[PDB]
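Q: I'd like to ask some things about the structure below.
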Amino acid sequence: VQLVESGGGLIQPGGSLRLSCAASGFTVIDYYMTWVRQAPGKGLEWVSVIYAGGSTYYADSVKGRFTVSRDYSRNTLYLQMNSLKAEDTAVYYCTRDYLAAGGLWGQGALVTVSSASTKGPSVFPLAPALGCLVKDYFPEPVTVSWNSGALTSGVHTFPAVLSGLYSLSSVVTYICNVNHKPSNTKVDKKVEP
Amino acid sequence: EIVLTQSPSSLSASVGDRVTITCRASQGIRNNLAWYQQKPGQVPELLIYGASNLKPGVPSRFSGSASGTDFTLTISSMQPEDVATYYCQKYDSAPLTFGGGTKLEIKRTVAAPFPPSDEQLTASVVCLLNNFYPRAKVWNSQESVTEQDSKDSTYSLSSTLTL
Amino acid sequence: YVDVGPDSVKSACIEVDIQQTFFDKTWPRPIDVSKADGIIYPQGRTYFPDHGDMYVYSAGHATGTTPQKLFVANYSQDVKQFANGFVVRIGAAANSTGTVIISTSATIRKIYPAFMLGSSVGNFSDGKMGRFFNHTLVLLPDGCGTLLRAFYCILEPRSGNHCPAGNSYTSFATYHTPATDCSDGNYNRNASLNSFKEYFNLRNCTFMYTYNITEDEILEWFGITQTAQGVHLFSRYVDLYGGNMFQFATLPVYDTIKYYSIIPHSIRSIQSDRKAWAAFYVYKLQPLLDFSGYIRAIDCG
């Protein structure tokens with residue numbers, strides 16, 4: 001049994017979006033399923049619930065904008081977002097019924113609601129303790145690895161901190177491999193003594 | 001309307017302690033209260049269903065307790081692994097309200113622990129220091145006081161100043 | 001105490017919709033004595049009831065693609081009395097045209113009965129009747145009509161949403177799906193058992209017996225009696241088309257049976273899969289013969 005989600009990315013405010021969750025190993029109609037969001041740096045929040053029998057219940061802060069449904073033939077769970085605002089920027093999940101409400105859980109999809117245009121990172125050389133500093137990219141995140149996955153110990157990657165452009169560092173104690181999916185960029189940087 | 005108040009919001013633990021959390025509610029929820037565990041950086045997972053019953057996946061150390069008005073999630077012993085954020089949920093009725101997640105930690109003593117690149121020469125200056133506990137003030141800047149690492153024995157700090 | 005397997009892992013019982021106006025169907029059919037209907041052959045040697053009660057099983061609500069919530073009647077609120085017994089008639093009006101209950105019509109198919117027999121009856125916490133206390137004997141069809149299970153156990157209601165000891169509860173029902181639970185060769189024998197375990201938890205099960213039944217489309221009669229020795233089941237193996245009951249099993253039930261309950265059923269099917277189903281009749285065995293051997297009976301009064 002597994003759940004895989006898709007349909008997240010940067011969106012300008014005032015526009016719609018859709019999130020899809022595909023389930024393997026069972027059927028959707030057997031158990032009720034829940035959409036739950038989590039803001040970056042904030043706590044968990046319950047967006048919607050759909051019960052076996054097509055009874056859907058939404059939260060007060062999202063009522064009138066979001067909708068939840070499911071498709072039997074494809075075994076899928078759908079969430080449609082309309083009239084989005086900057087507050088509805090978070091990581092969303094689909095969850096399946098088990099011993100409790102959140103028994104199975106999902107993987108997550110990040111939705112960013114802003115007008116700022118997308119920009120790739122501008123990686124900078126290491127300063128030898130050594131690491132590659134990433135600056136002026138939009139939106140999050142960037143996957144940072146070292147020596148093509150060879151280096152895992154000693155790697156401390158810090159979260160991006162905000163022109164509304166993200167910046168971060170990744171110091172280890174050597175080549176920095178940074179991948180920014182929204183800009184489809186991959187940068188490999190070498191270190192000097 | 002039933003409100004779920006999870007306390008304490010921040011939990012300080014030692015090498016010897018038994019986790020004990022409470023979840024106050026304003027009405028009756030039968031016994032439909034679920035306790036979840038979320039290791040930071042990953043999706044949460046279910047700990048206990050019904051406030052007293054155990055999931056087959058989780059072991060028997062994390063033993064639930066009765067629920068008169070408040071719901072206690074006891075744990076037999078404290079281990080270095082059990083550092084996460086624990087959440088409540090009420091799947092009793094239509095509004096499945098969450099609350100706050102309680103970060104755990106492991107006891108340790110008190111310990112103590114970058115010119116700008118030539119391409120941009122903008123100018124950013126960063127400072128490094130590492131391996132201290134607890135969560136130290138350190139040379140216009142955006143200080144990033146990182147959370148104590150998942151081991152909670154050590155961590156590092158790094159902040160940038162742009163000229 | 002036997003082992004019956006695990007219990008349901010679901011945290012909320014499925015929603016059930018109850019209606020009566022769409023379910024109060026007038027199909028008047030009395031009982032003719034000289035029809036060899038519900039006549040138990042004498043035991044140990046070779047040589048009796050009336051409109052009756054009617055029970056309907058209907059598929060739940062549905063859409064073009066995904067089925068909706070269930071659809072039952074108030075066949076659980078009403079509780080009747082065992083007394084001497086009752087006679088069971090199934091598969092009456094198959095092979096003909098019948099509505100889908102939910103203008104649309106189709107062919108009528110056959111269904112099998114599930115019973116809950118006990119001595120002490122009350123009502124749930126909400127105030128709705130249909131709760132059985134102490135030991136209860138449950139007869140459950142299984143395997144899409146190709147198996148019968150009979151167990152003796154105590155029933156504990158659950159406290160989830162729509163469950164008997166929870167919030168927003170209307171009734172408890174059995175359901176199964178034809179796309180998954182029923183298939184050629186790969187038949188599931190534990191579908192209705194899981195639907196039953198969804199609502200109730202089975203505790204302290206003294207016995208659990210299974211009987212294998214062949215698929216057919218034959219009108220059938222059934223009965224159950226209790227004596228000092230135990231509960232005798234009176235069906236198929238000896239007589240198939242004459243409708244004469246015969247013994248096939250004795251169940252160690254020594255407490256006095258005073259009340260019985262019928263359990264509503266539904267099938268999770270979409271609009272295009274709607275098939276009409278046969279009404280199931282039960283007639284009171286009020287204590288009140290021409291042979292052929294088999295009997296082929298006139299009321300004295």
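The count begins at 1 with the first shown residue.
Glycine too: its Cβ is placed from the backbone N, Cα and C atoms.
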Q: In Swiss-Prot, C:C205 sits in a disulfide bond; tell me which of C:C144, C:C153, C:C163 is on the other end.
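A: Swiss-Prot lists the disulfide between C:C205 and C:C153.
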Q: What does DSSP call C:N190 (N-linked glycosylation site) in the simple three-state scheme?
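A: DSSP assigns C:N190 (N-linked glycosylation site) to coil.
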Q: Whole-number Å distance between the CA of C:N74 (N-linked glycosylation site) and the CA of C:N123 (N-linked glycosylation site)?
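A: That comes out at 14 Å between the alpha carbons.
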Q: Through the lens of DSSP with three states only, how would you label C:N95 (N-linked glycosylation site)?
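A: Where C:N95 (N-linked glycosylation site) sits, the three-state DSSP reduction gives coil.
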Q: C:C153, C:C205: which of these disulfide-bonded residues has the highest Cβ count within 10 Å of its own Cβ?
A: C:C153
Q: Whole-number Å distance between the CA of C:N212 (N-linked glycosylation site) and the CA of C:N190 (N-linked glycosylation site)?
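A: C:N190 (N-linked glycosylation site) has its Cα 13 Å from the Cα of C:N212 (N-linked glycosylation site).
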Q: Restricting the comparison to the glycosylation sites C:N95, C:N123, C:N134, C:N190, C:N204, which residue's C-alpha is spatially nearest the C-alpha of C:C153 (disulfide bond)?
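A: Smallest Cα separation from C:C153 (disulfide bond) among C:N95, C:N123, C:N134, C:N190, C:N204: C:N204.
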Q: Relative to the Cα of C:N95 (N-linked glycosylation site), which of the glycosylation sites C:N123, C:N134, C:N190 has the closest Cα?
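A: Going through C:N123, C:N134, C:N190 one by one, the Cα closest to that of C:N95 (N-linked glycosylation site) is C:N190.
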Q: Cα-Cα distance in Å from C:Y47 to C:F48, with 10 residues unmodelled between them?
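A: Taking the Cα of each end residue, the distance is 18 Å.
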